[PDB]
Structures are given as structure tokens and as C-alpha cells.
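**Q** sequence isn't available, so here's the structure alone:
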Ligand code: HEM
Ligand code: HEM
């Protein structure tokens, strides 16, 4: 494990010469749009089987319950 | 440079601590998902301290275990806080370990260099499972006693020595005082073995370096660990503290089972014997295929697959951020694991057993599809080359 | 905008150039690969190995004359090989062999000292001499028509040599001035392996014993060790066997006649290998040089060819070697890949009743432990796991080395003399090849189990050897516990 | 391969488009994802690669890591000028693998072995 | 359970012995129409040596390369277009052969040694390696690093350093290019430079494939499908070198060396023989037969003590010659050693100072040295290659022997006078702050 060198020029500003928490709640609609658009497939795949399986189980249990109602 | 003394961190008394906790170079682009290892270490330390302070008021006897627990709750000043911290922190320790494991699965933090890190993590997972099981048996509640009985009855699955092994582990012909004392001693012993395993885990990772969300070779842009990743870890610790206080002071027994507050009655049995919520995926894998030796073999196969995950080859692209198919497979795996855990807390009726059978198949299909995808995608650059 | 063209940036241009080079390198040519094969296999050389008949004649006095006649050659090499050396002489006379070698060309009853050199130079041939621990050689390379003169000179210096006190003193001064790190390592290894044995003592001998020799010990040593049965006249090149025999009969008549023989001397004082180790730590030399050796096999041992193949498998590697990392021998491959040793070489030595087989290495003080581990690991793989491919490669290499070492009339004569003194006969090339081919993986494993498996070692190290592993380490690594 | 060619397969074409979009955001080529610590054949190939190419790869990796740390992507112009899948390592990696394969076939010893962790 | 080595091993299919007087074979030369000279001769020993030689070297080198010959010698039998370095060495070791590469100012060669059985393998490997080598950058860099190390530890042999200094100082042109690359030239050397040098210089007319123990028919049958398809590039004009003389003085005892230039080299065959015989007569030193009774040994070495080494050297190139004396003495007596060497050089020039017996001994020593040197297969193949590269054919040894017979006192004195007339070249290395000036030493001749 050894550090590799890269020719670069780095300009950095003091932490007390710039705003700290103002950049958090900035461009929030754009950030939310990126989160939604870049991850909608992943959210569908994560919550797809869960919701469909829950609905199927609920339907099966309801069908059995009314079937055994005498 | 060594002629006269310099910064005391570089001195031999603090040299190793400095090199491994302050000046250790880590990638600068690590997300908040990398604080879960330190958070799990904090949870383990919390469990050790809280258990050490609970063992001063706990008597491992069948006629005194539940009464001692209630004495801790009521008579001991702050004992209710102590036991709630212990139980809910075991729950959060398993939560953060699950997040740790799944983040590693997503970012392929195991593939070529951290195979030993992943193997040590699997050993740590086994140790945590055993320790949590024995600790849950310790209060000697109805659910604790019957879960201990059932899970030890799984040991009667080896065709030759299963009965001998289960009888020797029970300390007799049934779960009784001998089993309680045995489990108390083991539950005290294992967390220190867990500490040793965690130290080996950290050292093995520090041999090569932490993976990054990009999965790329990260040595050109690295920063010292202390000034930049202690504050991020502090943010993670404070958020976890808020979550932990929420689950202790307002919903203490939500994660627990109500039947554990009934004194253990060997004659009677609860209508539904279910382990703790964090053993539910393993229990569902057990009960998916109908058998006992088959279920034990399935659990062993699960652990063998976890151990053999890092040893697959041709996984040149590490991070799942640059693998759409693998990202979809991982998200399907996470959904499958959640569904399996939910199934583990359900009866053995027809839809539940069918879904459990399907879920385990998907779980192993993840461990096959990953090598298949790696081998298929090894030839990506020649095909998309422009 | 648009992506830059592949011939716009420096890195893109370099990548394109190297990709083009790799593409042009990718395609092979079958016409340039039809015959060659990188996997060694046994081959038949019966037709190739045709050599002139080596005629050997035994005179009634016990003298042996061997000739390899080749009338096409314009030169020839005529020499005398004597079964004598540092071993067959007592402690009180240790430098006598070397001193006699130095005095053999310094004066005689008729050719004098400067007159002999003038005659040799006018003849144009070179008259050389050398004494080993068990063999002595005085040989002259001369043109075809000068063979009788060379034989007469050899007979004169062997029989009618007279030593003067002034010349003895001058040669003693020269020897003291003369008194090679590899040579000193080998001498120390021989001493520490054959302590309390004539092979242990060095050829040069102690300085006091060298100075205490004058005109009597030399004559006694000649009369004792230069008898007719122990001398072989080897002639190679443009020599006629009948003429050589007739001239030897005419000339060599005043030879010493003693009942002592090399076999009787060896039986009286045999050679015993004592496992031991000597370390000369100096740290002022940049390189550390150490040799490790085992029991080994004698000249008349059927496993001598197996030891030759074994040391061929162990191999030799040098920093200037063309092969580098890419070589047949596993030890050489490991050394070249890891850059641990400056120069490694497996050496096999054979004597009348024992030998020395091992590895001599030169390396930096930092890599000594790794080099020693590699040496021991390969030497123990040599008994535990042997590959048929490696055995075939080593057999081919040994055959090639033995045949390429011939390369001239003087080495032909040297081979004839040495093989006679060692065996009683000159092994033909076809029989030697059959002996080499009879060695396979099973034979190598058996011989290595006989000689290396859990056997005492002789270690001789010099230099910055503070990192070298010790004798117990070497002795335990001599065997494997996994098998 | 038939199904892996974007021309003959629509699924492969969409996968290639998504991969190009993902790589161009951080401005690093596909071969930059290869880890020298992974196979050590990548390590040997990068050792044999020219210094200019290695330096450019390291600069691209540093830029990608900095962008990931800043939680931002390359601007639109640089994303347009980004050219992923312009290979620089595949040929030398294949050559190293072929040399290793022939060395293994003809007995031999590995020129380098991954240290046991 | 094989028998002991004393006892013959059972039953063998050993062949019948060769006759005592096998007919010595004459060299056979065939010119492939692109201009490539394939030569062979038959030898009775089972060992065959095959070399392949070219007119390349420092003389044909350009100022761009300055070390290409040395690096090609180091980059010999490396990875080629058809097979890699591992395959090269494995093929070499499978048959047990040995490879070698020699680089000189005028001509450089690649030699291969193995049994007579593996003739096709030797020819194939040599032709492949010479014709189409792949100058890989990593291999070139490794060889460059090795040459850096060698130059960093090059002072251990001052004789080669002095010879290189003499060749660099007494010449100005093609022959002045050093055989060892300097630091800057080594740094700027690389794979493309080597490939361009080989492509522009390894042209068909300048290859001689010589065989020492290979039948001509087999060698031709193996080498025709491998060298016939080669461009017929005309031979470039021989690079020109002019002699100017000079002095080289380096500080690092002290080792001095004087030298001159006899006009005409190997092409002036009789004068080359006279130069070799004169060098043998000079001899030198630092058992009997190693020039112990040479003139320098008799009059300079043993007579005058404190002289560590004193010998004579020569170097003969195509249409060029160089002869001189290398000395290595204590720094206190360097000027007197230089004066003694000058006096010896003048004494040889003056007629009547060489005994007839001494010259007869020198002739006998030269004849014996040549005869015993050409007794090796490698030397035989090298002689074939060099002779064909120089004269276009392998001159019979009888011509050389007859020239050595024909040399005489008048001829040797005339050649010494021609040696003296040429401008003096000097090279001194070591404690060189007490040696005499170049002008002062030159005024003695
Ligand atoms: C050596 C340190 C430890 C000691 C002495 C200890 C001791 C105890 C005791 C006495 C109890 C029963 C008291 C009660 O639950 O109110 C208990 C419960 C428990 N322990 Fe531990 N423990 C230790 C570490 C751990 C660790 C590391 C874990 C997690 C792996 C763990 C998991 C549990 C669990 C899940 C329970 C059940 C809590 C409940 O619902 O009643 N313990 N432990
Ligand atoms: C006792 C519970 C555990 C603790 C205290 C723990 C602690 C840590 C720590 C401190 C790190 C380094 C910081 C980091 O990279 O996040 C780490 C990394 C890691 N852990 Fe764990 N760990 C635990 C359980 C596990 C488990 C069960 C696994 C699964 C095999 C695992 C796999 C890993 C991996 C792969 C890394 C490398 C992270 C990366 O490079 O991306 N850990 N762990």
C-alpha cells in the first residue's frame, strides 16, 4: 500500500472563510429530482416484490377465510 | 528525524494507535454507509459494558433467572435502563451489522483483496448469532425456553452423532438448569472472542485499505482518517444515538416478544414459537424445504455461499454503481431477504410455505447469478469498444 | 462539443501506438515455429555419437597408455595423469604435491630450467600442470610433428628431475606470495565436511610445512606416488597409438616401483562426511557467499549419473545470464524472479570413496534468509516431487554439456586420462547416453531419498552472513513434514 | 459474441448506453475501473503501459474520486467530450494473460503470486 | 539396479568407431540470391555450432543510436514476433544448447551450440531471432537498467577501458564510436530506435550463416525457406574513419598504453599476418608456452621490477590496423615506463635488433596458436563467419601458414617503421598527474 503521485494544482479555502450549512438546503428540487430519477428502477425492484407479495398473501388469506365461513 | 522527540503520536507508545486511527489514509469519497463498521464496534462495546453491569444482578438459575431480571427492572436503580439498553442494543447491533453486510454486498467490498476481511466478517456473524441466541435464552422466559429447545433440537440432524451432540449440549435430557448455566457462561465468554475477531477484522481491512463507492483504485486521492472521518463517524454515532433512545425510552418491548414475560413452563407451549426478528431469515431458510437434516444442510449451504462469495473471479468492475444488472440483482436480493424475514414470523400454511420455498431459491440464485454475470461481463470492453 | 479524436492527446496517441505494436506482435508465423518445441523430449543420438576408437595398452610394468588418434587434426595433446594428490600424503607433508607441481618445470639434469622453457617456446606448444585433491596432470599441447619431443620432455621432467636449493627457495617465496573467495569457500567446506580425513586438508598446506620441504620430501613423494600402475599417458589428436606405445616403452623405464596403491591408501585412511558448519562473519564485504553440501556419491557409483542429473535440475543462475527469470530449473527461476541471489550454482564433486553435492551461492546480506529457504525448498522438492518433464530437460542438458565440454584435443586427452584414472575404462558416448536415459523421475526420487532426505549438511559461509539461517534451521528444512 | 454486440441485441445496446452514461458522469474510462490490486495481471499490464497512459489513468481516477467526494458530476461539456470504452489496457492484459497461460502450460513458476492476507 | 560405472552397462547399441584418419571437409558456401552467404563444414565430433554474423557494429552505428550494437548484444534471443522470451529460453534448454551474442566494432554475431541432431531447431531459432525480433519496451528497459549497473561497476577491468579510450582518441569518425554506450545515449536508446537500427542495417547481403559441424545439404534445406524471402537491399557504403591521434587522460597504480596505426587491415593479408607475428614476438605478461620468452617479458618485465603488467596488443579491422603496448606500473615510475616502451618500439623499428632465433620462435608460436585456436567448433564457426564477412570467402589455412612462413626480418622491420611513422595515440588511466605530456611522448618517435 503506497500512495501514487498525480501532477495537479489544488486551490483550497479556509473553513472559516465560507458558508458551512447554507449549501445543504440549496437546489433542493434539483437534488430531489436526481434522487427520484436515478433510483426509480431500484426503488421499484426493492418495493416491487414486497408490495405484490403482501397483496397476494392478503388476497389468499381473505379467500380462505370466506371459504371456511360455513 | 529520530534524533530527538517529535509529536507524541509518532512515539512508540502511541505509534500503532496513530498509524491505525489517526494518520491512516482512507479514500476521500467514502459515503455515510462506511460509518457502520465503527457504529457496529460501538454497539458491541455498549453490549459488553451493559452486560457486565447486568451480570452483577442476574442469577443463572431456573428458579431465580426471571426473578433476577425483574429485580433488575424494579429494585435496581437504573436497572430497567440497563436491560432495555442491552436488549435494544443487541437489536441495533444486528441492524447495523445487516447494513454493514448489505453495503459490502452492494459495493463488492470483498472481491479480490478483502477476501480475508469477508471471511472474518462471516466468522463474526456466526459468533454474534450464537451470542445473541444464548443471551435470549438467558432470561428464562416462555419464548426463550421454547426457542432454545427448538433451535437445539435442530442439532439432532446429523445422521450419526446428532442425538449425542444435542444431548451433550443440553447438559441432560431436556433444557434445564444445566443448560441455563452453560448458556450463561458461553454468553459471557463469546463477546470477548467477538472483540478479538473484530480486531482481526479491522487489521485485515487495514492491510490493504477501505473500498470506495466508485470501486476504483483509490490511492491518488486519500485523506487522513482522524480530522475528516471522525466527524462523519460522529454524525453517524449521534444519529444512531437518537434512534437508540427512540427505541429504548418509548418503544422498548416492540422488537421483543410478549411471551418472554411469561415464566418458562416446560409443560405448556406457546401457540407460535418464533426466534428473535434478526434470526427470521435463517429460520425461514430452515423451514422452506421440508426436512430437518435438509434444513440444517440449507443453513450450512447459506454460510458456505457467504464464505465462497469473495473467491469468485472475473469481477473486474467492483462497484455496483457501474453494473446495472448486478444492481438490479442486489435490490431483488434485498427484497427477497426482507420477504424471507417476514415469512419467518409466519405459520407453515400453504402460501407462506410456498413463498418461503421460492424465497430461498431466489437467495441462492443470487449467489449463482453473480458469478454468471461476472463471467459474462468479463468480455464487455471488446464488445462495446468504440 | 465532441469527443477528441484518438490522435489529439498524448496519452491517447501513446495508447494507440502501443496497441498497434501489440497487434503487430499478436500474429505468429508457422514457418518460423514448425520445427522448434519448448517441451523437452528424449531423442536418439546413436548415429551422431561417432568417435575415434580410444586404444588402451598396458605395458608389463603396469603403465597405461591411451590414445585417441585423429590424423586429420594438425595438433595433438600428450600428457601424464598420475593418481596422486593432496589426499594420498600424510599431515607432515601437506604442501608437497603443489610444491612438486611448481618445481616440475624448474630444472632437470639436462634440459636445465631456462633451457627447458626456451625449448618449449621454440616448439610452440604449451606445457601445463595441475594437481587436484586426488589427481595430478602434466600435459603438453604441441603440433603434430612435435609429439615425440613433448613425450621426451615429459619423461625427462618426470624421471630425471633434479632440484637445487636456490630454485626451491625461489619457488617457496613465490608460493608464499601466492598464499578467490569461491575457492576459499570450497576449501573451508571441504575441511569442515572431511575433518580428520585426508580430503579435509587443503592442497596448498600450512606455511610452516611448505617451508620445511627441501630436496628430500619431494624425492620421497615422487618415489612413493609416481609408480607405473598409477600413471596414465593420454594422447589425443594427431598421434599414432603404436608410435606412442613404442616411445613410452623406450622412455619411461626409471619409474618408481612401490607396492602401495590408491585403493590400499583409501582403505587405510578412508573418507568420512561429518555434518558441520563454519561461518566467517566479516560484514566488510558487500556480498555474502555460502555453500551447502551433502554426502554425495563416489566415482564408481551407479548413482553418480543420477547426481549429475540432479545437479542439472538444480541448475545455475547468474545476473548476466540470458535466461533470467525464464529458465528450466525451478531454483534458478525462483532466484531470478525474486532477485535474491547474485549468482547461484549447483556443484557435484566425486572422489574415490565419497563426494560433495550441493549449492554454492553469492548474494546480498539482506536476501540471505530467502535464498537459503529457496535452496532448501528446491533441494527437498528434489526428493518429494519430481517431474518427468524436468527430468527429461535435465538429461538433455547433461548430455549437451558433456558433449560440448569435449571441444578440442586437450580436453579430449583430459577426459581420457580422468575417466581412466576414475573407472579403469573410458565410457563411450552411447553408453553414457544410455546411462543418462535410464534416469527418470523414480530414479531421481530414490537417489534423492538416499542422499538428501534427513541427512547432515556441511555449510561454509563467508561475509555479511548475520541474516543467514543456522544449522538447525537447515537440518530441519532438509525434509518435509507435509508428506 | 452474438448477444453481447450492441448492434445485434437491443438489450446489449441499452446496457451499453446506460454504462456510457454512468461512466461519462464521473469522466473515467471503463478500463479505469480495473483494480491493480485485484488480479495483479492488471498490475503487470499497467507496469508495462507507458508512463503517459498510466499518468492519465491516475488523473482520471483522481478526478472521479474528487467528483464522488463532492457529490457532483462533470459539467455537460466535459461529459460530451468524455469518451469511455476507448481501450488502453485490454490488449496488454490479454498479452499478460497469454504469457501466464503459456508459462503455466510449459511447467514453469508464476512470476508473481498474491500474498496471503 | 544399474551396474557400477567400472563395469559396462549390459547391452548397448553403440555405433562403430570412426576411422583414425577421417577426411577433413572443405568449406561449402552458397549465395542465396538476395545476397546471403550460407557456409558449412563437416566435423567428426557429435557437437555442432552454428553462428550468424553481420557487418553491423559501432562503425555502421549513427550518432542517433550510440550504443545500439551493445544493446542489441544485450537484447539477443529475447521475445520475438513469433515466440516470447520464455519460449525462446525453453526451446534453448530443451535441446541443451547454449546461446551467445558477440558485438564488435566491425561485425557482430549470434552463435548457438548444441548436438548435431538438433540442426533444424538451431537454424530456425537463430534465423527467427535475427530476422524478426520484437523489441518490447519493458525488456529493453530491463536491459538498459542492467547496462546501467554494468557501467556503474565497469572500472574493475582497466584493460578494456584503455582499449576503448585508445579507439576513441586515435580515431575521429566511424571507428571512434565507443563500443560501450554513454549515459545520455543509453538514456535516449529505446525499442523503436533498436528496431529502426535493425531494419536499416540487418539487410540480406550482410548475413553469413556459418555452420561448424553441419552437413551443407541439411543446413541449406532448413535455411532456404527462412531467408530466401528477404529484401535485396544494396550494401551501404562502408563508413569512413580517419586517423588523427591524440591523448586520453583519466583520473581514478596507473595504467598507460601507447598505440599506432598500420595502413591497411585484414585486406592487406600479408601485413596483417606480419602484425600478428610482431605482436606475438612482443608478447608480454603480468607454465611455459604463454610467451614467457617474448621480447617484452625478457627485456622489460623480469629485468625491471615494480612493473605490474606489460604486454602488447593489436586490433585489425577492414582496411585499418592498430598496434601498441599496454603497461600498468606504480605511479611513481610512470614516465620512465613510458620512455622504456618508446625505446622498445624504436628498437624494434631499427633493423638488426631482432634475433633470427627470436623471430623463428615468434613464427612457431603464431602457427601453434592459430592451429590450437581453430581446434574448437565455436572458433571454427566464428572463423568461417568472419572470413566470409571480410574477404567474401573462407581463405584456406595454408595461406595463413605460408604467410607466417614468408615473414622475415626485413618485412618485420619495415612494418615496425610504418608503425612508428603513424601519429601516436596515448591513453592513461589512474594516477595520471605525473605522466609525461603527449607532445613530449610524441617527440620521441
Ligand atoms: C459479556 C457481555 C454480556 C453479558 C454479561 C450479557 C449478559 C446478559 C444477561 C444477564 C442477559 C439477561 C438480562 C436481560 O435481558 O434483562 C442478557 C440478555 C441478552 N443479551 Fe447479553 N450479555 C452480554 C453481551 C451480549 C452481546 C454482545 C449480545 C449480542 C450479540 C447480547 C445479546 C443479548 C440478548 C439478545 C439478550 C436478550 C434480552 C432480552 O430480551 O431479555 N449480549 N445478556
Ligand atoms: C462485530 C461486527 C462488525 C464490526 C465491528 C465491523 C467493523 C468494521 C470496521 C471498523 C470496518 C472498517 C470501516 C469500514 O470500512 O466500514 C469494517 C469494514 C468491513 N467489514 Fe466489518 N464489521 C463487522 C461485521 C462485519 C460483517 C459481518 C461483515 C461481512 C462479511 C463485514 C465485512 C466488512 C467489509 C467487507 C469491510 C470492508 C469495507 C470496505 O472496504 O468497503 N463486517 N468492519
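**A** On my side now, so go ahead. Residues are numbered from 1 along each chain as shown, chains lettered A, B, ... in the order given. Ligands and ions are numbered 1, 2, ... in the order given.
**Q** going forward, measure contacts and count neighbours with C-alpha atoms only.
**A** Will do.
**Q** against residue E:180, how distant is residue E:65?
**A** Residue E:65 is 12 Å from residue E:180, where distance means C-alpha to C-alpha, to the nearest Å.
**Q** go on, residue B:32?
**A** From residue B:32 to residue E:180 the distance is 60 Å (C-alpha to C-alpha).
**Q** tell me which of these two has more neighbours.
**A** residue E:180 (19 against 12; other C-alpha atoms under 10 Å in any protein chain shown).
**Q** ok so that one is a helix residue?
**A** No - according to DSSP: H, G, I helix; E, B strand; the rest coil, residue E:180 belongs to no helix; its state is coil.
**Q** for ligand 2, see how far away residue A:28 is.
**A** Residue A:28 is 28 Å from ligand 2, where distance means C-alpha to the nearest ligand atom, to the nearest Å.
**Q** and that residue, its phi and psi?
**A** phi -60, psi -40 (degrees, to the nearest 10).
**Q** residue C:359 now?
**A** Residue C:359 adopts backbone torsions of phi -130, psi 130, taken as degrees, to the nearest 10.
**Q** contacts only, for it.
**A** Going by C-alpha atoms under 8 Å, 6 or more residues apart in numbering or on different chains, residue C:359 touches C:291, C:292, C:293, C:344, C:345, C:346, C:347, C:375.
**Q** switch the cut-off to 6 Å
**A** Going by C-alpha atoms under 6 Å, 6 or more residues apart in numbering or on different chains, residue C:359 touches C:291, C:292, C:345, C:346, C:347.
**Q** give me the phi and psi for the last one.
**A** Read it as residue C:347. Residue C:347 adopts backbone torsions of phi -120, psi 140, taken as degrees, to the nearest 10.
**Q** look up how far chain A lies from it.
**A** Separation of residue C:347 from chain A (C-alpha to the nearest C-alpha, to the nearest Å) stands at 41 Å.
**Q** ok, residue B:78 next?
**A** When distance is defined by C-alpha to the nearest C-alpha, residue B:78 is 38 Å away from chain A.
**Q** just to revisit the earlier point, farthest pair in the contacts of residue C:359?
**A** C:292 and C:345 (10.9 Å; C-alpha to C-alpha).
**Q** neighbours of the closest residue to ligand 1 within the stretch 351-483 of chain C, just the number please.
**A** Nearest to ligand 1, among the residues of the stretch 351-483 of chain C, is residue C:482, at 39.1 Å (C-alpha to the nearest ligand atom). Residue C:482: 5 surrounding residues under other C-alpha under 10 Å.
**Q** check residue C:192 too.
**A** Residue C:192 is flanked by 21 other residues according to other C-alpha under 10 Å.
**Q** quick one on the thing from earlier: what's the residue of the stretch 351-483 of chain C closest to ligand 1 in contact with, if anything?
**A** By C-alpha under 6 Å, 6+ apart, the contact list for residue C:482 is empty.
**Q** the helices in the chain, which residues?
**A** Just going to use chain A. Taking DSSP state H to define them, one finds helices in chain A at A:28-67.
**Q** the intended chain is chain D.
**A** Under DSSP H, chain D gives helices at D:10-26, D:36-39, D:41-48, D:51-70, D:76-81, D:90-105.
**Q** quick one: buried residues of the first one?
**A** Right, helix D:10-26. Neighbour-count burial for helix D:10-26 flags D:12, D:13, D:15, D:16, D:19, D:20, D:21, D:22, D:23, D:24, D:25, D:26 (criterion: 16 or more other C-alpha atoms under 10 Å in any protein chain shown).
**Q** would you turn the contacts of residue C:359 into CSV with secondary structure, distance to residue C:218 and neighbour count?
**A** Listed next are the contacts of residue C:359 as CSV, based on DSSP: H, G, I helix; E, B strand; the rest coil; distance: C-alpha to C-alpha, whole Å; neighbours: other C-alpha atoms under 10 Å in any protein chain shown:
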residue, secondary structure, distance to residue C:218, neighbour count
C:291, strand, 34, 25
C:292, strand, 35, 24
C:345, strand, 37, 20
C:346, strand, 36, 24
C:347, strand, 33, 21
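**Q** circling back: need the helices of chain D in TSV with distance to residue E:165, can you?
**A** Formatted as TSV, the helices of chain D follow (distance: least, C-alpha to C-alpha, whole Å):
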stretch	distance to residue E:165
helix D:10-26	59
helix D:36-39	47
helix D:41-48	37
helix D:51-70	37
helix D:76-81	57
helix D:90-105	43
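**Q** who does the helix or strand residue B:198 falls within touch, helix- and strand-wise?
**A** Secondary structure from DSSP states H and E places residue B:198 in helix B:177-208. Here helix B:177-208 touches helix B:115-137, going by 3 or more C-alpha pairs under 6 Å, 6 or more residues apart in numbering or on different chains; DSSP states H and E.
**Q** any buried residues in the next helix or strand after the helix it packs on, and which?
**A** The element immediately downstream of helix B:115-137 (helix or strand, assigned by DSSP H and E) is helix B:142-153. For helix B:142-153, burial by neighbour count (16+ other C-alpha under 10 Å) applies to B:142, B:143, B:144, B:145, B:146, B:147, B:148, B:149, B:152, B:153.
**Q** hmm, the first one is touching residue B:260, no?
**A** Put plainly, it is residue B:142. Yes - between residue B:142 and residue B:260 there is a contact under C-alpha atoms under 6 Å: 5.3 Å.
**Q** if we can go back for a sec, so how far is residue C:384 from the residue of the stretch 351-483 of chain C closest to ligand 1?
**A** Taking C-alpha to C-alpha, one finds residue C:482 at 10 Å from residue C:384.
**Q** now swap in residue E:166 and tell me
**A** 57 Å.
**Q** so which of the two has more stuff around it?
**A** Each of residue E:166 and residue C:384 has its neighbours counted (other C-alpha under 10 Å); residue E:166 has more, 26 against 18.
**Q** rewinding a little: distance to residue E:237 added to the buried residues of helix B:142-153, as TSV?
**A** Listed next are those as TSV, based on distance: C-alpha to C-alpha, whole Å:
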residue	distance to residue E:237
B:142	106
B:143	103
B:144	101
B:145	103
B:146	102
B:147	99
B:148	98
B:149	100
B:152	96
B:153	97
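**Q** now the two most distant members of those.
**A** So, the buried residues of helix B:142-153 by C-alpha to C-alpha: farthest apart are B:142 and B:153, at 16.5 Å.
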